[PDB]
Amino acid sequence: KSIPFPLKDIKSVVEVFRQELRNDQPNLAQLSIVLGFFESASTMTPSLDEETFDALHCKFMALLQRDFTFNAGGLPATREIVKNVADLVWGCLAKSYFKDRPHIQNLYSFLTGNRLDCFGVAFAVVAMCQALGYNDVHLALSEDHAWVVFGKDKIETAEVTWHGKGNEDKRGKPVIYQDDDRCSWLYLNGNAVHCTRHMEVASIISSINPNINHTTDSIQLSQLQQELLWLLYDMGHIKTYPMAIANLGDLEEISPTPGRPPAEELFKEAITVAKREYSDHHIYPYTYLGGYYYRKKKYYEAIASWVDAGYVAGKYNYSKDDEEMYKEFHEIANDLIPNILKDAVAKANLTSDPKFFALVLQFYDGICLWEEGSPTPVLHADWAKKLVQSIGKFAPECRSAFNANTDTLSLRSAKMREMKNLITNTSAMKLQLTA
């Protein structure tokens, strides 16, 4: 019992994390309860007393003591045990809440209101396995999904949570790389983040949500998250975790910490990590950096980064499962690129520059590759409209220069290669883009 209750300031919370992170087995349940308490109170002085903390711990342990026994011999977990723990979690959830509500990612929400989001479920399963002494059970994270790995002599995998509307129940099933027609972004072609216990602590810090409303975040909770991410960073626990590094980049962009690297270098670090450890199969590190450049009005840099993102997306085969990445690219294509071009046309630059025009086409090239052979299309009539409007904002001599240079042969998708040849009208281009 080392926690000085009541916990009623950021410094005290960081100190609980500091102490637990020193250990081989940071207490996942305890840490999620504490963070969740503060997130709920801050996004509605928050003070967590000993009575409340003990009641939540009691309740968590009582849920497990019902049908599980501790792994006294240190055996590896089995598929049956993992599925059974997922079944417990799922069985405790309330039936009538919206699964994509914010602030329901942690064990506080689970224990006080029987609500968890899909990431929360997967974390819960791992935290319960830890409590039971199955320390082979770990979280695996893609960019928009989570599952578990377990076993000692043979590493095995199991689905434990839902994705999207959860119409398909996969509890206990292997994550296997097959479905050979289709390589899904959700599973990163095998380049998921496999967490140590310290990285599982990082996942709950990284998933802190300071949003109160669309225009207001909790400064206190943002400060807590930024401080905790620096702690993880400094002690080496997010060296292989791109989204945790990128989320820190986002925090530093908004509130730079004296003596720390610039946000831009943190974004580049997350990219370097992705390239080095994850076969350059992650998309978000490129869209985080692209977004940064966009907000800094560094438009050459922004589009180059979005092109990197598109060509990563092009490593995959699109499905409706990919809706979060769809939304990101939809905004880039339909809002942000047009914004850049409107600003540039607003001054008379990049609208006469074949190198810039090339990069715009390469962005759509990567999206086109992503969609190749998919039953469901990505580029609908609205994306087509916007692409043809965008192309129209470039100089005629700029476009024809693009056709006469090396960058012409660089396009890889059948759709964009067929498109460039409609250059020397709008209706034929629009039709081609949605074929």
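For every residue, the number given is its place in the sequence shown, counted from 1.
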Inset, instruction - For the stretch from residue 23 to residue 24, please bin the deposited residues that the model skips: none, 1 to 3, 4 to 9, or 10 or more. - result: none
Inset, instruction - Report, from the record, the number of residues in the deposited sequence between residue 348 and residue 349 that have no coordinates, as none, 1 to 3, 4 to 9, or 10 or more. - result: 4 to 9
Legend entry - Stretch exceeding the other in mean C-alpha B-factor - 163-171, 288-296: 163-171
Inset, instruction - Name the higher of the two by mean Cα B-factor in the PDB entry, 80-88 versus 351-359. - result: 351-359
Legend entry - Out of 232, 341, 332, 127, residue topping the C-alpha B-factor column of the entry: 341
Inset, instruction - Can you pull the Cα B-factors for 27, 400, 40, 69 from the entry and say which is highest? - result: 400
Inset, instruction - Could you say whether, by C-alpha temperature factor, residue 93 belongs to the lowest, middle or highest third of its chain? - result: middle
Legend entry - residue 31 by Cα B-factor - lowest, middle or highest third of the modelled chain: lowest
Legend entry - Chain-relative CA temperature factor third for residue 215: highest
Inset, instruction - Determine, from the deposited record, the chain-internal third of the Cα B-factor for residue 274: lowest, middle or highest. - result: lowest
Inset, instruction - Check where residue 223 lands among this chain's C-alpha B-factors and tell me if it's the lowest, middle or highest third. - result: middle
